[PDB]
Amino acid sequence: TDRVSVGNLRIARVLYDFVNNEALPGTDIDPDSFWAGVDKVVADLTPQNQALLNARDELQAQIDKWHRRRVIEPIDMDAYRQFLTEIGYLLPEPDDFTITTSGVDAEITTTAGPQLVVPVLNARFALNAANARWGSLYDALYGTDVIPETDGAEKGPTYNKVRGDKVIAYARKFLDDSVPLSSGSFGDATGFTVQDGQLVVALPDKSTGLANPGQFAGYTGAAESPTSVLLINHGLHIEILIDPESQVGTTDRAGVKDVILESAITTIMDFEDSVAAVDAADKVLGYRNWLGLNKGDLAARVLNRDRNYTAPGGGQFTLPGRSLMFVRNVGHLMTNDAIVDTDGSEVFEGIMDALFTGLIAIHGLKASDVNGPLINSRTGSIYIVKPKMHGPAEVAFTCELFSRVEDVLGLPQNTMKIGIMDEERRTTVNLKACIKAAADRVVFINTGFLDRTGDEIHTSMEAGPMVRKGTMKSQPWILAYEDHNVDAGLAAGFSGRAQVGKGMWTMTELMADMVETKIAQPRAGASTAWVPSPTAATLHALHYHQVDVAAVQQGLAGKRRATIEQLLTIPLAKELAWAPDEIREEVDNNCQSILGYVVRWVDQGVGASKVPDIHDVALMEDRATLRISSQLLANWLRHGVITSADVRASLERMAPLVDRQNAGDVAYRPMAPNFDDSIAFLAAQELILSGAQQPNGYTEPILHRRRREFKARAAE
């Protein structure tokens, strides 16, 4: 139609122009050979990609059949596990080894701290995350519920001094716990001066330096009365801003205006579950943003420059002002019409992503203006997160794909590093082998709730009814999965070399609860964890100051805290474990999760936002929320727990609920009462009723189709 012919490919014009006009210039890759490479790589790797997807299907069918031919008391783990080994699901574990990945930035190998994930299609959000390397601690405490809004300390229309003073005292205590004075407390500090390269803090009666003088990293302005003071603890920077003339400064004993924390050390720019991209137009929007980020020129309003400091011993240095960027590609499943072949077949979206996000990322290894000076990776690496892989063969393929892209791009081999997401059972039980498959490219493994539970449900769909969604969070299989992931990471030498990450805090407004509970993640040996906002990044940073992750990691070394049996413990529900009203609540719960998420996705192409749940708690979940919820319902429908009338009834009374939760949104169009007119509603209905049939429970085939449907209707 409006496509460009390159060998066997018919490339969508919008994509072809974008690449020639925006992505290629400055890379010194010849446009003609770039496209011949796209054509070659797509032709060479497409059959293996598809072979892998059929492998998934062959394995699931065998497992479905195993449960079906069985009666059978509870499952015999010797039998189950022997079966899994026979069919090639459970592969033998390789001998110990250390990963050999190199050329990796210090933000990933060394520094422990928060990690942001943001929809790359949203330019404002993406710029915010990139700028979230540094955040105001005062703003974070004042603005959220960490400082509780009791009587007197309420956020008003204007400054509340009672609340402000609380904020100040919270931070002072943090200073004391993080960068202690030889004697006294920051709570009594009256001033700061840099004297003989040391930091000197003035107390009402005396003066003192730091217990560990070396925690002093620098300052701004004159040593004799600095405008700010730079500290360091556990690899992370803390900056005390000093200005008596500022609105908070006047109130402060030492003229302190704010405390700034190094927060989001790295950010993942996401093309997968947090965005809605169903065609060439949507992909180009994403690719364009990814390009602006890497060239430094994205504006929505710009990217921050690095920060200037004076060394304690007089010199004059810089710190990065931007979060170091990963990109998350889509996984192996989906195709996309941005390129079709002569036959009209869509091309695998994962393959395209490597080619185009890899091409684009070259700009980030280069001076940004194009004069200067920002850059992403200074060590010369491109950092790609790859989600939803199943097993070491799927990881090997991603490496081979990267190898071939690097060739087309003229990059050295292994420039393209992989972040291995551990969110599918066949990866979890073969984790060590997956890490070995990428032993020279891997910079990251991580765990999460949503996708991994959905796969857990879909895999054992035929075994019986599963426990509630809430129950899933604390089942034996997931707790083993969490620990087993750290163990594999630490045993492959990730400490000092690569990130070991944990899941997203989805409750954007529940910051007090986050600060209280998310500390478990670094205590479990995770050198990074996912946060929903720059504000959450700043608050989660506190955890890394309280917890010596490096030491925690050294302590876990050599431990084996999860057995294959634990990992293989299917979350089946006990002999009829729910009262009727409990069943209804769970059904409502899941139907609302789907409706609330689906409606924004199908109608508006939003893949991530603050979606009020059934109790009006704001959650920022990604598409994986659709996978658990619909799989759970599909499972319950499959095993007689609920009826199809139950599902339709729930959908019909949760729908208008969702409507009014989206009241105050001008573009929003309600689903109720003409349900079978809403494409969103029908998408929700299809996810559930077709759920047991989606490959590995994946929701994109259905979601993408319905979103495309909607876009077509809107085009009249």
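What we label the rigid core is the largest C-alpha set whose atoms superpose within 1.5 Å from one form to the other. All residue numbers are counted from 1 along the displayed sequence.
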query	finding
Segment of greater CA departure in 6 other deposited structures of this protein, 611-619 or 444-452, core superposed	444-452
Stretch with greater C-alpha deviation in 6 other deposited structures of this protein, 128-136 versus 361-369 (rigid core superposition)	361-369
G664 dropped in a third or more of the other entries	yes
Missing-residue flag, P387, threshold a third of other entries	no
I87-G88 interval: deposited residues absent from the model	none
Per the entry, higher mean C-alpha B factor between 626-634 and 306-314	306-314
Residue stretch of maximal mean CA temperature factor, 41-49 vs 673-681	673-681
Residue of maximum C-alpha B factor among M421, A354, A367, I418, per deposited coordinates	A367
Highest-ranked of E394, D513, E586, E154 once sorted by CA temperature factor in the record	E154
CA B-factor ranking of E272, expressed as a third of its chain	lowest
Modelled-residue ranking by C-alpha temperature factor, third containing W505	lowest
Third of the chain's Cα B-factor distribution that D78 belongs to, per the entry	highest
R523 - which third its CA temperature factor falls in, relative to the rest of the chain	middle
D343, C-alpha B-factor rank within chain (lowest, middle or highest third)	highest
